[PDB]
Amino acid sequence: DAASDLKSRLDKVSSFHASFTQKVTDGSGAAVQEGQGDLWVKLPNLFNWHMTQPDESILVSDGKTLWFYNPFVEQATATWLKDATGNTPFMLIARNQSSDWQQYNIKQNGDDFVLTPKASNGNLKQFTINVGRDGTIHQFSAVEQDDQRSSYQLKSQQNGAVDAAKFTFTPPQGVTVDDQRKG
């Protein structure tokens, strides 16, 4: 079915670097903001997301901690990855339990998938992904409770090995770190 097809496309992703553009649109479909940058990914749970435009910001998952670094205000926040990802389909990738997939209704037309949480919890109503049978991810989006859509268009997906140094984060010199990890 759509779920087993999606997982079989996601099984074919190992690690990549991609460039992304970002289009945020309100419920009425008007433009809220535009942005671009780089994404490094390595299954099951590692990523480095670098917005350059319009405002620079870095998200690094080392697989346990999610680091948010905003170099403009020279601040970095550390959170548990499981806390930070809990209102997303993260776990559909980060492990492969039947449990996780049963929390979503999935509709498919070719490379286009829509995932709707059964019980919607958090500000996130809906997710879309466009991913080929080869495992190239062309697009994903998240719809917030107020119908604001964040759309990511990916390109230049290079499926080489990516250095594991991409998924370490050391706060730079004179960056104040707000460590929100309760031990």
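One rule holds for the numbers: they count along the sequence shown, beginning at 1.
Taking the PDB entry as given, 91-99 carries the higher mean Cα B factor of the two stretches 77-85 and 91-99.
When the two stretches 26-34 and 134-142 are set side by side, the higher mean Cα temperature factor goes to 26-34.
Among the modelled residues of its chain, residue 52 has a C-alpha B-factor that falls in the highest third, as given in the PDB entry. When the CA B factors of the chain's modelled residues are split into thirds, the value for residue 156 lands in the middle one. Per-chain ranking of the deposited C-alpha B factor places residue 15 in the lowest third. The entry lists a Cα temperature factor for residue 122 that places it in the highest third of the chain's modelled residues.
Ranked by Cα temperature factor within the chain, residue 104 sits in the middle third according to the deposited record.
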